[PDB]
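Note sheet for the following structure.
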Amino acid sequence: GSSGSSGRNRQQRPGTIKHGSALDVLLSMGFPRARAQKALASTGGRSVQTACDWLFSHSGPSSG
Numbered sequence: 001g002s003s004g005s006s007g008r009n010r011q012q013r014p015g016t017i018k019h020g021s022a023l024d025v026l027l028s029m030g031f032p033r034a035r036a037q038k039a040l041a042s043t044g045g046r047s048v049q050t051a052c053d054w055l056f057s058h059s060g061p062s063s064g
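Residue numbers (PDB author numbering): 1 to 64.
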């Protein structure tokens with residue numbers, strides 16, 4: 001016996017001391033706040049996964 005393992009489950013963030021952000025996350029991935037911003041904004045800012053899809057996905061008004 002002895003010892004255990006409480007708290008900290010899975011852990012999904014660049015540290016526990018400071019909380020992350022859907023944006024800060026993208027920043028960690030290597031994306032510019034802008035990119036994440038534009039995306040976030042577009043997709044409001046709920047999930048970072050959705051934004052990504054948007055990011056990659058060509059966004060713009062079909063010109064011609």
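Where a beta carbon is used, it is the ideal one built from N, C-alpha and C, also for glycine.
Spatial neighbours of residue i in its chain, beta-carbon cut-off 6 Å, leaving aside the 5 residues before and after
{"i": "residue 39", "result": "51, 54 and 55"}
{"i": "residue 42", "result": "54"}
Where residue i sits in the DSSP three-state scheme
{"i": "residue 43", "result": "coil"}
{"i": "residue 8", "result": "coil"}
{"i": "residue 2", "result": "coil"}
{"i": "residue 33", "result": "helix"}
Status (buried if at least 16 other CB within 10 Å, exposed otherwise) for residue i
{"i": "residue 22", "result": "buried"}
{"i": "residue 36", "result": "buried"}
Contacting residues, own chain, Cβ-Cβ under 8 Å from residue i (five flanking each side not counted)
{"i": "residue 19", "result": "13"}
{"i": "residue 27", "result": "33 and 36"}
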